[PDB]
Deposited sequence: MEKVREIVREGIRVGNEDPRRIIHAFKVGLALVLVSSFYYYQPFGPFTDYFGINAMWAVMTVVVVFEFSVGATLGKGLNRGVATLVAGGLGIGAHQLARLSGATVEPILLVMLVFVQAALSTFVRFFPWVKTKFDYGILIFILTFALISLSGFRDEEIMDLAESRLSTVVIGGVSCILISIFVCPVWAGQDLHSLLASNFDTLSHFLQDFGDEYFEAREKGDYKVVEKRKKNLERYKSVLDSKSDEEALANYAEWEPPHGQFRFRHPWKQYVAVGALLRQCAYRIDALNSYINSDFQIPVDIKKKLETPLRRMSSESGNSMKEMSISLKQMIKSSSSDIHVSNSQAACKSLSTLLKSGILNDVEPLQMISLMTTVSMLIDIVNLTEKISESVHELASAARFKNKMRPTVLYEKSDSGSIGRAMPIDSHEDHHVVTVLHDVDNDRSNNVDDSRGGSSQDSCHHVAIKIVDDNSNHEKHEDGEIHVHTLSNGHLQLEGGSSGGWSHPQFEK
């Protein structure tokens, strides 16, 4: 009974985290009901249905194809469709060849052919291109060829078997795609934009909180987590962006995403973000570290460091907005220009020999922190140029 409480609480938090999960749970059931009802009531034409398993293969197609996003289901559906078509052609051809062979040398030749093409296809599944894009395609290639060949079906129930398999795959896939596109879409493109916006948000949060924390029982652990996990979720989000990009390259042009949309460049912006997160990780590890300088030595450099940190944080916040709501903004320009001014003023302040009363070890720590903030400022300028150009050249809402 205790596990009932635990599991229903995990269910509650999963549902509250993203309600589109609940609507997708209903969409799967709607697809199953739709296909099954299509095959029960023969709507306009009762197919030949010589085998009696059409409903089986259609329900299995719908269950395996229907994924969360729209690009995911469209990719799986298109892979399954094309692979079934090609493997059906080769299955009919190979079976005609083996029937031309003889009557007893027929299973030997069929088994040899299945062995050859399954070996070649399993080896091709290791290539980088085919793996990143069309791995399910090669899987269904092997599946359908081995279906049409290695199944103990007669020589005249093959032209009908492949045709029925293709028809059923087409119907299940089309049902899946139409429901997933027209009911309550979950586009992978929007999810990528929103993931990048969330990452920008967490980095800006850390930068402001750091600017205020560098110069200062269970609440301590609360603050420590608020510093750690917030950025630590950016470092572990490369596979997620690389997945959403792949899923996004399949979708059709919906509202504000034209035909040719540069997803590779958005993954590049994500990589630049992750570089900023490397540097921020080093900064945090310098916050938590044991060896702590007295406060006044940091207070003598407080002003430029605080200005640099806060300005880069605000610039990342504005990039977050301009990536989420897809509205072309240009305030990051001002927020990065003032950052450059702060870095220059810090250089001129260091030229004054103010650091001639400090132990060399404290000099190591202090100079490391200054160098970190300078690096994050420059990287923020790079990301701002990248996003500004990527939006200007992609026709966002330039109206401001």
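No alpha-carbon coordinates exist for the deposited sequence positions 217-221, 406-509, given here in order along the chain.
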